[PDB]
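What's counted below: heavy atoms across the whole structure, side chains too, no hydrogens, waters or symmetry copies. To find a chain, count down the sequence lines: A is the first, B the second, and so on, and within it residues start at 1.
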Amino acid sequence: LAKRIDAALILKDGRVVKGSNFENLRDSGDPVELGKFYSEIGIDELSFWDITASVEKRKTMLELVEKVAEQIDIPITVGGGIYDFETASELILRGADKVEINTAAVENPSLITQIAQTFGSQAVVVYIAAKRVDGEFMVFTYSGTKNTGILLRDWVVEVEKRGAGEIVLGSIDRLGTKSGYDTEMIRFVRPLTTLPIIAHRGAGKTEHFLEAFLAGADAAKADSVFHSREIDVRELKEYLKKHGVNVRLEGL
Amino acid sequence: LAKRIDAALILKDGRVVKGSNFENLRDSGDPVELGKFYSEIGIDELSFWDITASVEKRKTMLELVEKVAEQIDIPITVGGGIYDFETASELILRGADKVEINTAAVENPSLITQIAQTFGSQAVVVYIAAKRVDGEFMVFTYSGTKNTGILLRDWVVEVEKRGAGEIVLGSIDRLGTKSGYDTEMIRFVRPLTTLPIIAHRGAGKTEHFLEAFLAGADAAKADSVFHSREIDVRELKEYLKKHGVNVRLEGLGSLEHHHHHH
């Protein structure tokens, strides 16, 4: 089974938040240059996650996408406060391959279907932020701060039913940690959906990616661990290929 | 708290009295099919009101409660022939989430407390039918025909004391009409109770719902205006959300898909 390695860039005001340690780049915190550089060294897909809280949010995300679409030739996902079909449509028409939704999907699951009905399920990504609460995995919205009371197991099933193309499974229990992906969470979700599962949060070293794929993840997404160069993308892919993981190195 | 939209279905011998205008249904007068359909287009809670007379048929209604409970994944309230704890108790054990009482409560207020102690206050709904009489809000029993002489103010307060979970506030002054909920009555009752208030009678158009919620209603119940499709449920929820009301959209579009059947 083919496995995907994704890099995610957190953005604010058109800049990579907390930047990156790639001194070779003209601008360590330029999302476009960093994204191009990742696409050239072996990343399979890019996520651009906006946390801009300004009145300029829509215009900027749209500006960024159009620029990114020029320079970058691997799949692009945009996410972060995308709340309705018209916003999602604008971003896709401007060049995003996939749009990622979360809080708006949870509150209005019809939105998944609206996007999928026009652009295809493959254009739709649902980010599910989950956390253990009193012995059960629960869904959290608004940047991980609202306990919805919705069970992870129920929401995964509804997400597929509504027409989502893939699920990013972010463990709030691994937020900021470097101990490993939440493989218990990934194993919990795996039998519940036929969609691709993208693991997010907890990655600290190359072996963690192997564990995530053994747990049934189809893809593994990371951010700071890459930007900080704690893990080198090419080294990661060589490692995974060495131990029998079907990763794409057939690049050039 | 999200403002709530309830649909009430009036039943006679297992049939929806006067049916519905949803021709997509195989049987627009089947309460199970209609109830399930409402739950999959945006209704938040359902009430089933049985007006079947015979003792012989209060077993048939029980079997119906089981089947709607199993089939429908939103809260179910049942009312109609409840006159004691036993009948109330059985409906809940059959799968009703809540029981709704009116005349039975007024003619025995301890019945409220009885149900509550066994099943929690949340399973107890008191329907209050009221009407202006000489510039006073008075309580009516027996389908709004009998003036009990009890002030709405006093009855609202007793009903909460006895341990009801919520109050449905039905305006007899508004029955048959489509000129709106009795927002004056709703405003009258709001400061008197901490319980959820469900508005009933008078709704004719979507804006009437907005008015009720501005009046302090926690929920709005309607029947004929939904069954006739004078008001579309999804359109109602979208209108309320548009003008800033906190309503639940999770149930919207549950029947729709991302493919294209021609």
Side-chain angles (χ1 to χ4, degrees), chain A residues 1-10 18 20 38 41-49 75 77 79-80 98 100 102 125-133 135-141 143-144 151-153 155-156 159-160 164-249:
Chain A
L1 241 45
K3 302 292 183 189
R4 203 176 81 206
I5 308 301
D6 298 356
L9 287 58
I10 295 164
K18 300 193 188 164
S20 82
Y38 277 133
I41 71 172
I43 287 295
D44 291 316
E45 300 200 1
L46 287 158
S47 295
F48 298 91
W49 289 332
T77 306
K98 295 189 290 198
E100 175 196 288
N102 183 351
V125 176
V126 175
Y127 189 109
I128 307 186
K131 176 184 185 169
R132 296 152 174 85
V133 181
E136 291 187 291
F137 288 119
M138 321 247 292
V139 173
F140 278 69
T141 47
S143 298
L151 290 175
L152 177 59
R153 67 167 136 95
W155 180 227
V156 166
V159 167
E160 177 171 355
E166 67 181 37
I167 290 165
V168 186
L169 188 64
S171 175
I172 288 162
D173 289 321
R174 298 293 158 114
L175 179 67
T177 77
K178 309 289 174 187
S179 58
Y181 288 110
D182 192 344
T183 57
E184 183 189 1
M185 186 184 293
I186 301 161
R187 288 175 187 275
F188 178 81
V189 175
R190 181 68 277 174
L192 305 187
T193 180
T194 71
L195 303 177
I197 297 170
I198 320 312
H200 188 233
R201 301 203 192 280
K205 62 179 190 185
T206 71
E207 293 94 343
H208 292 159
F209 285 77
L210 179 59
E211 294 163 354
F213 295 133
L214 293 173
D218 300 282
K221 186 177 314 278
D223 37 71
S224 58
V225 78
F226 289 151
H227 311 328
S228 70
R229 307 176 64 167
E230 285 166 11
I231 296 177
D232 181 274
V233 171
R234 178 53 185 263
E235 296 188 347
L236 172 60
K237 281 198 145 172
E238 298 284 347
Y239 174 84
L240 293 163
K241 204 63 174 186
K242 182 179 171 182
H243 299 300
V245 180
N246 186 9
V247 283
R248 184 189 65 84
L249 275 170

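Rounding to the nearest 0.5 angstrom, the gap separating the CZ atom in A/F213 from the CG atom in A/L1 is 10.5 Å. The distance from atom OG of A/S47 to atom CD of A/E100, rounded to the nearest 0.5 Å, is 6.0 Å. To the nearest 0.5 Å, atom CD of residue A/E207 and atom CG of residue A/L236 are 10.0 Å apart. Atom NZ of A/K242 and atom CG of A/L249 lie 13.5 Å apart (nearest 0.5 Å). Note that the OG atom of A/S20 and the CZ atom of A/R229 stand 8.5 Å from one another [nearest 0.5 Å].
Take A/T183 and apply the side chain to side chain contact (heavy atoms under 4.5 Å, CB included) test, not counting sequence neighbours, and it matches A/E211, A/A215. Under the side chain to side chain donor-acceptor pair (under 3.5 Å) criterion, A/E235 pairs with no residue at all, not counting sequence neighbours. Under the side chain to side chain contact (heavy atoms under 4.5 Å, CB included) criterion, A/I167 pairs with A/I128, A/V156, A/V159, A/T193, A/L195, sequence neighbours left out.
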Check your understanding: What do the steps show when you test A/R132 against A/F137 for side-chain contact (heavy atoms from CB on, under 4.5 Å), and what is the final call?
Key -> CA-CA 5 Å; A/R132 296 152 174 85; A/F137 288 119; 3.6 Å; yes
Practice item. Kindly determine whether A/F188 and A/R153 satisfy side-chain contact (heavy atoms from CB on, under 4.5 Å), including the steps that lead there. Key: CA-CA 8 Å; A/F188 178 81; A/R153 67 167 136 95; 3.8 Å; yes
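For the pair A/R174 (side chain) and A/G180 (backbone), a donor-acceptor distance under 3.5 Å is present. Checking side-chain atoms of A/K241 against main-chain N and O of A/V247 turns up a donor-acceptor pair under 3.5 Å. Side-chain atoms of A/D182 do not come within 3.5 Å of backbone N or O of A/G202 as any donor-acceptor pair. Between the side chain of A/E45 and the backbone N or O of A/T77, no donor-acceptor pair lies under 3.5 Å. Remark: side-chain polar atoms of A/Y38 are paired, donor with acceptor, to backbone N or O of A/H227 under 3.5 angstrom. Side chain of A/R201 to backbone of A/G170: no donor-acceptor contact under 3.5 angstrom is found. No donor-acceptor pair closer than 3.5 Å links the side chain of A/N246 to the backbone N or O of A/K3.
A/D44 has a carboxylate O that lies under 4.0 Å from a charged side-chain N of A/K237, or vice versa, which qualifies the two as a salt bridge. With respect to the salt-bridge test (charged N to carboxylate O, under 4.0 angstrom), the residues A/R190 and A/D218 qualify. Using a cutoff of 4.0 Å between basic side-chain nitrogens and carboxylate oxygens, A/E238 and A/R234 are scored as salt-bridged.
Under 3.5 Å, the side chains of A/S224 and A/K178 contain a donor-acceptor pair of N or O atoms.
Annotation for A/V126 and A/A164: closest pair CG2-CB, 3.8 Å, computed over non-hydrogen atoms. Counting all heavy atoms, side chain and backbone alike, A/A212 lies closest to A/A199 at CB-CB, 4.3 Å. Here the closest non-hydrogen pair linking A/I231 and A/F226 is O-CD2, 3.7 Å. Shortest non-hydrogen contact noted between A/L214 and A/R187 is O-NH2, 3.4 Å. Closest approach of A/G42 and A/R248 over heavy atoms only: O-NH2, 4.1 Å. Taking both residues in full, the closest heavy atoms of A/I172 and A/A129 are given as CD1-CB, 3.8 Å, listed atom of the first, atom of the second, then distance.
At a threshold of 4.5 Å between non-hydrogen side-chain atoms, the residues A/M138 and A/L151 count as touching. Taking 4.5 Å as the limit, some side-chain heavy atom of A/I5 sits within range of a side-chain heavy atom of A/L240.
Relative ring orientation between A/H200 and A/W49 is described as perpendicular, the plane-to-plane angle rising above 60° on a 0-90° scale split at 30° and 60°.
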